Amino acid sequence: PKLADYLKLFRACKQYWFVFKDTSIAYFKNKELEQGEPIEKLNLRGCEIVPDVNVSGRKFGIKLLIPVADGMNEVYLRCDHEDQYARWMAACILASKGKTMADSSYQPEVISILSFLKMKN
């Protein structure tokens, strides 16, 4: 169960290689480096998730509010399109509840998310 894509990061937008594993996201300068040392690794367990979507505007954003000792760490992921967004958003939603992509609810979740976007398309 691995999910890996180039996504744009806002806190300013820079594109990085992102890897979803377990309940965490890690990112790197590019995909040839995914083996080495991540720029940062974020555990999404117990995070808050805010969708930032404008289908006709071609905007597919994921705002993540990650609990830290001194508050929320705000992480904004911009996806390149609807299918990528559905897979990443579904993964984020499961992770916030402590679930991985191995959970049998992952693919139906991708499907649900996607149907709404296909319909607006």
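Position 1 is the first residue in the sequence shown; the rest follow in order.
Gap between residue 11 and residue 12: 4 to 9 deposited residues without coordinates. Of the two stretches examined, 81 to 89 and 54 to 62, the record assigns the greater average C-alpha temperature factor to 54 to 62. The stretch 30 to 38 shows the higher mean C-alpha B-factor when 30 to 38 is compared against 44 to 52 in the entry.
Among all modelled residues in its chain, residue 4 ranks in the lowest third by Cα B-factor.
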